[PDB]
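Below is one structure, written out as structure tokens; the observations come after it.
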Amino acid sequence: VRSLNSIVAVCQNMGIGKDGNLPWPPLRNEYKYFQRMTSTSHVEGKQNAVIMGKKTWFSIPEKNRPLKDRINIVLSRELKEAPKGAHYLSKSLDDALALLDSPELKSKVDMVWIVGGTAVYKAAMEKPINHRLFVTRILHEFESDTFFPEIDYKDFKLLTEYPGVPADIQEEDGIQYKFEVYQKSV
Ligand SMILES: NC(=S)c1ccc[n+]([C@@H]2O[C@H](COP(=O)([O-])OP(=O)(O)OC[C@H]3O[C@@H](n4cnc5c(N)ncnc54)[C@H](OP(=O)(O)O)[C@@H]3O)[C@@H](O)[C@H]2O)c1
Ligand SMILES: [Ca+2]
């Protein structure tokens, strides 16, 4: 596949989760952002693919599965078949990657989005492939039990601007955050 996209929201301590959920209470605007980014395809008749870990899939309220308008791929070394509502189950990122290149998929899919968790982000980041990382930096700390892996600042260059990503500091529910896009060129 040409390139990857990963999207995550992180707080000051690099936490991305707590007790099987997000560390902060709901932020509407950030959510819409996530939906818009992962769902929008730039080609008619095609859809985006989202890849996620087992825990992440299960963190989504059952009635909200799978993420509508995207091909949901869940990774697990343990499951024997895709969880109810998921489109495909893969045993590794590589497997998922191969799957995508498969004929059936290849023609059906526009963009690939990595939606976490930890181990998933890490694996995608290590692939020597063109990758864009969309980060929402929440400028506050919340107790977290799950964290974003460390990004190689030598590989991933922070863009100073990106089409359709606001530059300013955003605020909502008395909380501030900023969007940042990092890019790795292979
Ligand atoms: N802040 C944002 S945007 C965000 C995004 C995602 C998740 N989260 C949060 O983080 C937590 C879930 O993340 P996590 O890190 O704990 O768990 P996940 O990555 O979602 O799930 C871990 C499981 O997933 C499977 N897995 C993970 N990486 C794999 C790989 N490379 N190949 C095969 N299977 C792989 C394994 O399943 P098996 O054990 O069955 O093999 C592993 O036990 C929740 O709190 C969730 O809310 C936050
Ligand atoms: Ca396990």
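One is the number of the first residue; the rest follow in order along the sequence.
Considering all non-hydrogen atoms of both residues, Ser90 and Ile73 come closest at OG-CG2, 3.9 Å. Nearest heavy-atom pair across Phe142 and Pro25 is CE2-CD, 4.1 Å. Contact detail for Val1 and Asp101: the closest heavy-atom pair is CG1-OD1, 2.8 Å.
Atoms OG1 and CD1, on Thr136 and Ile7 in that order, are 6.0 Å from each other to the nearest 0.5 Å. Interatomic distance, CG of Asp155 versus CD of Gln183, reported as 12.0 Å (0.5 Å rounding). Between atom CD of residue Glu62 and atom CH2 of residue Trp57 there is a gap of 10.0 Å, rounded to the nearest 0.5 Å. Rounded to the nearest 0.5 Å, atoms CD1 (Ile129) and OG (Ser185) are 10.5 Å apart. Distance check: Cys11 SG to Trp24 CH2 gives 5.5 Å after rounding to the nearest 0.5 Å. Residue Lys91 holds its NZ atom at 9.0 Å from CG of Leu99, rounded to the nearest 0.5 Å.
Listed by chain and residue number, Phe134 satisfy the ring-ring contact (aromatic ring centres under 6.0 Å, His included) test with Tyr162 (two or more places apart in sequence, or in another chain). Annotation: side-chain contact (heavy atoms from CB on, under 4.5 Å) contacts of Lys55 (sequence neighbours excluded): none. The side-chain contact (heavy atoms from CB on, under 4.5 Å) search around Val120 returns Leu75, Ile114, not counting sequence neighbours. Here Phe179 pairs with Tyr33, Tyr177 under the ring-ring contact (aromatic ring centres under 6.0 Å, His included) rule; sequence neighbours left out. For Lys68, the side-chain hydrogen bond (donor to acceptor under 3.5 Å, both in side chains) test picks out no residue, with sequence neighbours left out. When the side-chain hydrogen bond (donor to acceptor under 3.5 Å, both in side chains) test is applied to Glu126, the partners found at least two apart in sequence or on another chain are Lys122. With sequence neighbours excluded, the residues satisfying salt bridge (charged side-chain N to carboxylate O under 4.0 Å, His left out) with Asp152 are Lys154. Qualifying side-chain contact (heavy atoms from CB on, under 4.5 Å) partners for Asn64, counting only residues two or more places apart in sequence or in other chains: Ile60, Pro61. Scanning for salt bridge (charged side-chain N to carboxylate O under 4.0 Å, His left out) contacts around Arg137 gives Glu180, with sequence neighbours left out. In this structure, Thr160 has no side-chain contact (heavy atoms from CB on, under 4.5 Å) partners at least two apart in sequence or on a different chain. Annotation: side-chain hydrogen bond (donor to acceptor under 3.5 Å, both in side chains) contacts of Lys127 (sequence neighbours excluded): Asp94.
Inspection of the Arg70 and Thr38 side chains reveals an N or O donor paired with an N or O acceptor under 3.5 Å. Under 3.5 Å, the side chains of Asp110 and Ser41 contain a donor-acceptor pair of N or O atoms.
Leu139 belongs to a hydrophobic cluster whose other members, connected by ILVMFWY side-chain contacts under 4.5 Å either directly or through intermediates, are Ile169.
Aromatic ring centres of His131 and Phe156: separated by under 6.0 Å.
The closest side-chain heavy-atom distance from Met52 to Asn72 is below 4.5 Å. Between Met125 and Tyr182 there is no side-chain heavy-atom pair separated by less than 4.5 Å.
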Subject >> Full working for side chain to side chain contact (heavy atoms under 4.5 Å, CB included) between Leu89 and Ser76 >> reply: CA-CA 7 Å; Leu89 162 62; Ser76 167; 4.0 Å; yes

